[PDB]
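Okay, so here's the structure we're looking at.
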Amino acid sequence: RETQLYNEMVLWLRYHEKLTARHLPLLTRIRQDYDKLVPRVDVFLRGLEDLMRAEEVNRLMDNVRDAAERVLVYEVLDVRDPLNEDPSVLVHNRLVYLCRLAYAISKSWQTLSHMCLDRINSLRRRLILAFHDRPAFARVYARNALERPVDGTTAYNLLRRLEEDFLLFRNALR
Amino acid sequence: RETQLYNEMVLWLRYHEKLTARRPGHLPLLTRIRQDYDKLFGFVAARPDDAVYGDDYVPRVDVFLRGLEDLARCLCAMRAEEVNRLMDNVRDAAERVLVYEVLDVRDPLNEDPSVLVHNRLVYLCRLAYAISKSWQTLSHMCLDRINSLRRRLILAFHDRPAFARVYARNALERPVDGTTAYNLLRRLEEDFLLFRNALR
Amino acid sequence: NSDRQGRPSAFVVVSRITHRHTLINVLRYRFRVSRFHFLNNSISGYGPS
């Protein structure tokens with residue numbers, strides 16, 4: 001279906017626009033502790049290794065793997081706190097947790113954004129195939145809107161100017 | 001009952017584990033003692049500790065208060081409200097151990113690099129005497145609530161001699177344990193199968 | 001010490017040593033206590049002198 005894949009390109013792009021519009025308890029407390037103790041974070045993750053039970057680490061890698069796929073809903077393992085009394089080693093363990101989590105958020109941010117660009121690009125292939133369909137006037141305007149790789153502000157403005165394409169698909173597929 | 005004090009055994013440990021998960025390893029206080037620990041010995045050598053969380057840190061303060069009392073004795077020359085800004089924030093930090101306050105010390109004294117900066121560790125060591133002691137008071141109160149329940153769960157072994165009754169005590173005949181009790185709690189679905197087989 | 005001078009201190013020093021740089025260094029050996037205080041009113045004033 002074409003109206004099903006046009007409903008698909010509306011849904012992926014509003015998904016992508018809601019995503020790229022949208023963490024303060026991540027970035028603020030990392031940056032304020034780094035001054036006292038995201039490319040900044042990885043080198044600081046390299047720095048924290050320069051500057052502990054097995055379980056604690058089992059939860060540590062668990063929440064990092066889980067919140068990388070559960071990107072919206074991030075768990076707050078707090079800190080298990082079986083470490084030494086010094087302010088600096090609990091701080092260094094808690095901040096590695098934030099560096100491992102934010103880098104998991106960063107990798108998730110790159111995978112979600114690239115897939116949102118990919119699936120609209122795969123739908124863009126179907127919509128030039130929608131241009132290839134029979135001969136209607138808005139089919140020609142369908143490609144001329146959509147022969148451009150996926151960008152934030154441009155295709156968002158085009159969605160309000162693809163009010164022609166719904167009268168296309170009624171007149172094309174009924 | 002029995003599952004009341006078995007629940008509260010889990011309640012205080014999960015109530016404790018959380019506090020320990022949340023330990024306030026004070027960076028601001030440590031930064032300001034470490035600055036002032038550097039600065040007083042410049043004065044002392046001319047004559048014109050670490051883990052602010054250590055159990056041993058409380059007698060480290062108790063010696064280092066006397067280490068400053070021996071250096072304030074050699075330089076016996078300071079406002080009353082200054083001593084009130086000292087002691088009033090100390091008692092609150094002993095009651096509000098989570099949130100520790102810093103004071104820009106009220107500066108009435110000599111402009112020498114001692115008597116300013118010594119007055120800082122007049123306050124930054126009573127605060128370290130406030131945070132480190134009062135953490136031990138609340139924690140030993142948390143450990144005494146658990147060890148009272150430890151006697152209550154000796155009485156679980158005093159029940160009908162089921163095996164998981166004997167497994168209950170053999171997981172619980174130890175004093176406090178940050179790592180052991182918490183991991184131990186997770187592996188006691190046998191005890192949920194025990195007590196329902198015990199008192200239904 | 002206190003008031004943009006603190007206090008002045010005068011000396012008369014006899015010396016076998018004639019060389020200047022080896023002479024001033026043994027006064028820095030002697031007057032490091034002023035050199036404690038030569039930093040203290042140097043850090044008290046960023047702009048005073």
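In the structure tokens, chains take letters A, B, ... by order of appearance, with residues numbered from 1 within each chain and ligands from 1 in the order shown.
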
Subject >> Contact residues (chain B, partner chain C, 10 Å, only C-alpha atoms) as a list in words >> reply: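 Result, ordered by chain then number: residues 42, 43, 45, 46, 47, 48, 110, 111, 112 and 113 of chain B.
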
Subject >> Residue hits in chain B, query chain A, radius 8 Å, only C-alpha atoms, as a list in words >> reply: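 Result: residues 17, 18, 20, 21, 22, 23, 24, 25, 26, 27, 30, 50, 51, 52, 53, 54, 55, 178 and 179 of chain B.
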
Once you have the residues from the selection above, write them out as a short mmCIF file (atom, residue, chain, number, x, y, z; two decimals), in the first residue's frame, restricted to N, CA and C atoms.
data_model
loop_
_atom_site.label_atom_id
_atom_site.label_comp_id
_atom_site.auth_asym_id
_atom_site.auth_seq_id
_atom_site.Cartn_x
_atom_site.Cartn_y
_atom_site.Cartn_z
N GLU B 17 21.49 -0.04 52.76
CA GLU B 17 22.15 -0.18 51.47
C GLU B 17 21.98 1.09 50.65
N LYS B 18 20.78 1.66 50.69
CA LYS B 18 20.49 2.89 49.95
C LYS B 18 21.32 4.08 50.44
N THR B 20 24.16 3.97 52.00
CA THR B 20 25.53 3.61 51.63
C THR B 20 25.74 3.74 50.11
N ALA B 21 24.68 3.50 49.34
CA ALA B 21 24.68 3.71 47.89
C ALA B 21 24.81 5.21 47.59
N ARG B 22 24.24 5.99 48.51
CA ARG B 22 24.13 7.46 48.50
C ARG B 22 25.12 8.23 49.36
N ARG B 23 26.24 7.61 49.74
CA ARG B 23 27.17 8.29 50.63
C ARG B 23 27.63 9.63 50.09
N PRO B 24 27.55 10.61 50.97
CA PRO B 24 27.91 11.98 50.62
C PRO B 24 29.39 12.22 50.77
N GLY B 25 30.18 11.73 49.81
CA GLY B 25 31.61 11.94 49.82
C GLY B 25 31.84 13.39 49.44
N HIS B 26 31.84 14.25 50.45
CA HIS B 26 31.98 15.69 50.27
C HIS B 26 33.21 16.22 49.54
N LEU B 27 33.01 16.64 48.29
CA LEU B 27 34.05 17.27 47.50
C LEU B 27 34.36 18.71 47.91
N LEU B 30 36.22 18.68 51.28
CA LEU B 30 37.54 18.11 51.07
C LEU B 30 38.44 19.09 50.31
N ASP B 50 43.00 12.23 54.94
CA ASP B 50 42.48 12.03 53.59
C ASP B 50 41.00 11.69 53.51
N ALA B 51 40.72 10.40 53.32
CA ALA B 51 39.35 9.91 53.22
C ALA B 51 38.46 10.53 54.29
N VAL B 52 37.87 11.68 53.97
CA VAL B 52 37.00 12.37 54.91
C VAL B 52 35.86 11.47 55.36
N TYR B 53 35.92 10.19 54.99
CA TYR B 53 34.87 9.26 55.38
C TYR B 53 35.28 8.12 56.30
N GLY B 54 36.58 7.98 56.52
CA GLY B 54 37.09 6.89 57.34
C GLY B 54 36.60 6.83 58.77
N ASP B 55 36.37 5.61 59.26
CA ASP B 55 35.94 5.42 60.64
C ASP B 55 37.07 6.01 61.46
N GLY B 178 27.54 -5.05 54.17
CA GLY B 178 27.05 -4.29 53.03
C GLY B 178 26.81 -5.17 51.82
N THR B 179 27.82 -5.95 51.46
CA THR B 179 27.72 -6.85 50.32
C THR B 179 27.00 -8.18 50.57
#

Original post:
Pick from A:113, A:6, A:58, A:92: nearest to residue 162 (chain A), with only C-alpha atoms counted?
Top reply: A:6

Selection: 7 Å around region 56-68 of chain B, only C-alpha atoms, excl. self and same-chain fewer than 6 positions, as a PDB file with N, CA, C and O atoms, in the first residue's frame:
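For reference, out-v6.pdb as written:
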ATOM      1  N   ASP B  49      42.678  12.827  57.983  1.00  0.00           N
ATOM      2  CA  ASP B  49      43.492  13.466  56.964  1.00  0.00           C
ATOM      3  C   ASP B  49      42.834  13.376  55.599  1.00  0.00           C
ATOM      4  O   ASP B  49      42.233  14.339  55.126  1.00  0.00           O
ATOM      5  N   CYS B 125      37.339  21.945  60.490  1.00  0.00           N
ATOM      6  CA  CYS B 125      37.598  20.731  61.237  1.00  0.00           C
ATOM      7  C   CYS B 125      36.517  20.413  62.245  1.00  0.00           C
ATOM      8  O   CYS B 125      36.332  19.239  62.570  1.00  0.00           O
ATOM      9  N   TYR B 129      34.496  17.201  62.168  1.00  0.00           N
ATOM     10  CA  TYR B 129      34.100  16.536  63.401  1.00  0.00           C
ATOM     11  C   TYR B 129      32.587  16.391  63.488  1.00  0.00           C
ATOM     12  O   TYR B 129      32.096  15.560  64.257  1.00  0.00           O
ATOM     13  N   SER B 132      31.670  13.428  60.213  1.00  0.00           N
ATOM     14  CA  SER B 132      32.236  12.094  60.378  1.00  0.00           C
ATOM     15  C   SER B 132      31.671  11.388  61.604  1.00  0.00           C
ATOM     16  O   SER B 132      31.416  10.181  61.555  1.00  0.00           O
ATOM     17  N   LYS B 133      31.474  12.113  62.712  1.00  0.00           N
ATOM     18  CA  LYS B 133      30.862  11.506  63.893  1.00  0.00           C
ATOM     19  C   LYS B 133      29.420  11.127  63.635  1.00  0.00           C
ATOM     20  O   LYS B 133      29.003  10.000  63.916  1.00  0.00           O
TER      21      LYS B 133
END

Original post:
Which residue out of A:40, A:153, A:130, A:104 has the minimum interatomic distance to residue 61 (chain A) when only C-alpha atoms are used?
Top reply: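 The answer is A:104, which sits nearest to residue 61 (chain A).
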
**OP:** Excluding region 134-141 of chain A and any residue of its chain fewer than 3 positions from it, enumerate the residues within 12 Å of it, using only C-alpha atoms, and give them as JSON, numbers by chain.
**Re:** {"A": [2, 127, 128, 129, 130, 131, 144, 145, 146, 147, 158, 161, 162, 163, 164, 165, 166, 167, 168, 169, 170, 171, 172, 173]}

Residues just named, written with N, CA, C and O atoms as a short mmCIF file (atom, residue, chain, number, x, y, z; two decimals), in the first residue's frame:
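And here is the file that came out, result_29.cif:
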data_model
loop_
_atom_site.label_atom_id
_atom_site.label_comp_id
_atom_site.auth_asym_id
_atom_site.auth_seq_id
_atom_site.Cartn_x
_atom_site.Cartn_y
_atom_site.Cartn_z
N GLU A 2 0.35 2.32 -0.62
CA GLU A 2 1.07 3.58 -0.69
C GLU A 2 0.64 4.52 0.42
O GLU A 2 1.48 5.21 1.01
N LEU A 127 8.64 6.00 -2.53
CA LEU A 127 7.87 7.16 -2.96
C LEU A 127 8.30 7.66 -4.33
O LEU A 127 7.51 8.27 -5.04
N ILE A 128 9.56 7.42 -4.71
CA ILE A 128 9.92 7.60 -6.11
C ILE A 128 9.34 6.45 -6.93
O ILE A 128 9.03 6.62 -8.12
N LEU A 129 9.16 5.28 -6.32
CA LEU A 129 8.33 4.26 -6.94
C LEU A 129 6.86 4.65 -6.94
O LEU A 129 6.09 4.17 -7.79
N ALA A 130 6.43 5.50 -6.01
CA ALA A 130 5.09 6.07 -6.11
C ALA A 130 5.02 7.07 -7.26
O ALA A 130 3.98 7.20 -7.91
N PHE A 131 6.10 7.82 -7.50
CA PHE A 131 6.20 8.63 -8.71
C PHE A 131 6.12 7.77 -9.97
O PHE A 131 5.51 8.16 -10.96
N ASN A 144 9.16 15.35 -6.66
CA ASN A 144 9.85 16.63 -6.64
C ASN A 144 9.93 17.19 -5.23
O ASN A 144 10.86 17.94 -4.90
N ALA A 145 8.98 16.82 -4.37
CA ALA A 145 9.14 17.05 -2.95
C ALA A 145 10.20 16.12 -2.36
O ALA A 145 11.01 16.54 -1.53
N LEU A 146 10.22 14.86 -2.80
CA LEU A 146 10.89 13.80 -2.06
C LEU A 146 12.14 13.26 -2.74
O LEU A 146 12.57 12.15 -2.40
N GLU A 147 12.74 13.97 -3.69
CA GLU A 147 14.04 13.55 -4.20
C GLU A 147 15.19 14.28 -3.49
O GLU A 147 16.15 14.75 -4.10
N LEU A 158 7.71 20.33 4.39
CA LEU A 158 7.07 19.68 3.25
C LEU A 158 5.82 18.91 3.65
O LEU A 158 4.89 18.81 2.85
N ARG A 161 3.00 20.94 3.31
CA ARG A 161 2.78 21.22 1.90
C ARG A 161 2.57 19.95 1.07
O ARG A 161 2.52 20.03 -0.16
N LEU A 162 2.45 18.79 1.72
CA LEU A 162 1.98 17.58 1.05
C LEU A 162 0.51 17.33 1.35
O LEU A 162 0.06 16.19 1.46
N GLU A 163 -0.26 18.41 1.49
CA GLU A 163 -1.72 18.31 1.49
C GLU A 163 -2.25 17.96 0.11
O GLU A 163 -3.41 17.56 -0.02
N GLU A 164 -1.42 18.11 -0.93
CA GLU A 164 -1.77 17.62 -2.25
C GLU A 164 -1.71 16.10 -2.32
O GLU A 164 -2.53 15.49 -3.01
N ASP A 165 -0.76 15.48 -1.60
CA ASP A 165 -0.55 14.03 -1.72
C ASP A 165 -1.68 13.21 -1.14
O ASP A 165 -1.80 12.03 -1.47
N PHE A 166 -2.50 13.77 -0.25
CA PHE A 166 -3.61 12.96 0.22
C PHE A 166 -4.75 12.98 -0.78
O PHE A 166 -5.49 12.00 -0.91
N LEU A 167 -4.91 14.09 -1.50
CA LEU A 167 -5.87 14.11 -2.60
C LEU A 167 -5.33 13.37 -3.81
O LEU A 167 -6.09 13.00 -4.71
N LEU A 168 -4.01 13.16 -3.87
CA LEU A 168 -3.42 12.23 -4.82
C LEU A 168 -3.91 10.81 -4.58
O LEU A 168 -4.46 10.17 -5.49
N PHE A 169 -3.72 10.31 -3.36
CA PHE A 169 -3.92 8.89 -3.08
C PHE A 169 -5.39 8.50 -3.09
O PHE A 169 -5.72 7.34 -3.35
N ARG A 170 -6.27 9.45 -2.79
CA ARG A 170 -7.69 9.24 -3.03
C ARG A 170 -7.97 9.11 -4.52
O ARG A 170 -8.69 8.20 -4.95
N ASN A 171 -7.41 10.01 -5.33
CA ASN A 171 -7.62 9.96 -6.77
C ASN A 171 -6.83 8.85 -7.45
O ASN A 171 -7.16 8.50 -8.59
N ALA A 172 -5.82 8.30 -6.80
CA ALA A 172 -5.01 7.24 -7.41
C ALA A 172 -5.43 5.84 -6.99
O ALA A 172 -5.46 4.94 -7.83
N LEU A 173 -5.75 5.64 -5.71
CA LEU A 173 -5.97 4.30 -5.18
C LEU A 173 -7.39 4.04 -4.68
O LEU A 173 -7.76 2.87 -4.58
#

**OP:** For residue 168 (chain B), work out the shell of residues within 12 Å, counting only C-alpha atoms and skipping chain neighbours fewer than 3 positions away, then give it as number ranges by chain.
**Re:** B: 6, 150, 152-159, 161-165, 171-174, 181, 184-185, 187-195

Check the DSSP output for the backbone and give back, as a compact mmCIF listing (two decimals) with N, CA and C atoms, in the first residue's frame, the residues of chain C in helix (DSSP H, G or I).
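And here's selection-v5.txt as it stands now:
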# COMPACT_ATOMS: atom_id res chain seq x y z
N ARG C 20 78.54 38.87 45.15
CA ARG C 20 77.21 39.38 45.47
C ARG C 20 76.16 38.28 45.51
N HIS C 21 76.18 37.39 44.52
CA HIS C 21 75.12 36.40 44.38
C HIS C 21 75.19 35.34 45.47
N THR C 22 76.40 34.94 45.86
CA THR C 22 76.57 34.04 46.99
C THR C 22 76.27 34.72 48.31
N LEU C 23 76.32 36.05 48.34
CA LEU C 23 75.98 36.80 49.55
C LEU C 23 74.47 36.90 49.75
N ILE C 24 73.73 37.20 48.69
CA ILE C 24 72.29 37.37 48.84
C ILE C 24 71.61 36.03 49.10
N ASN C 25 72.19 34.94 48.60
CA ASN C 25 71.61 33.62 48.83
C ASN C 25 71.70 33.20 50.29
N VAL C 26 72.75 33.60 51.01
CA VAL C 26 72.81 33.24 52.42
C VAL C 26 71.96 34.16 53.27
N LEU C 27 71.51 35.28 52.72
CA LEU C 27 70.49 36.06 53.41
C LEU C 27 69.11 35.47 53.18
N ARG C 28 68.89 34.88 52.00
CA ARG C 28 67.68 34.10 51.79
C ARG C 28 67.68 32.86 52.66
N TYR C 29 68.87 32.32 52.94
CA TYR C 29 69.01 31.31 53.98
C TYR C 29 68.62 31.87 55.34
N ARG C 30 68.88 33.15 55.57
CA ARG C 30 68.61 33.77 56.86
C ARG C 30 67.20 34.34 56.94
N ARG C 32 64.27 33.78 55.16
CA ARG C 32 63.13 33.09 54.58
C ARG C 32 61.84 33.41 55.32
N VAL C 33 61.92 33.86 56.57
CA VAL C 33 60.73 34.19 57.34
C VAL C 33 60.10 35.47 56.81
N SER C 34 60.93 36.42 56.39
CA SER C 34 60.43 37.54 55.61
C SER C 34 59.96 37.09 54.24
N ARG C 35 60.57 36.04 53.70
CA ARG C 35 60.19 35.53 52.39
C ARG C 35 58.93 34.66 52.44
N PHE C 36 58.60 34.10 53.61
CA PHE C 36 57.21 33.73 53.90
C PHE C 36 56.28 34.91 53.66
N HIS C 37 56.59 36.03 54.30
CA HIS C 37 55.76 37.22 54.29
C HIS C 37 55.96 38.07 53.05
N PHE C 38 57.00 37.80 52.26
CA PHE C 38 57.15 38.47 50.97
C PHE C 38 56.19 37.89 49.95
N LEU C 39 55.66 36.69 50.19
CA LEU C 39 54.59 36.13 49.38
C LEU C 39 53.22 36.52 49.88
N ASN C 40 53.07 36.69 51.20
CA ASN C 40 51.75 36.83 51.81
C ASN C 40 51.11 38.17 51.46
N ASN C 41 51.87 39.25 51.52
CA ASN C 41 51.37 40.52 51.01
C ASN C 41 51.60 40.68 49.51
N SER C 42 52.18 39.67 48.86
CA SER C 42 52.15 39.60 47.40
C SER C 42 50.88 38.94 46.90
N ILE C 43 50.34 37.97 47.65
CA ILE C 43 49.07 37.38 47.27
C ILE C 43 47.89 38.16 47.82

Original post:
Please, what distance in Å, to one decimal, runs between CA of residue 38 (chain A) and CA of residue 102 (chain A)?
Top reply: 7.5 Å

Original post:
Rounded to one decimal in Å, what is the spacing between CA of residue 115 (chain A) and CA of residue 74 (chain A)?
Top reply: 20.5 Å

**OP:** List the neighbours of residue 107 (chain B) out to 10 Å using only C-alpha atoms; skip same-chain residues closer than 6 positions along the sequence, and give me the result as a PyMOL selection string.
**Re:** chain B and resi 78-79+82+115-117+119-120
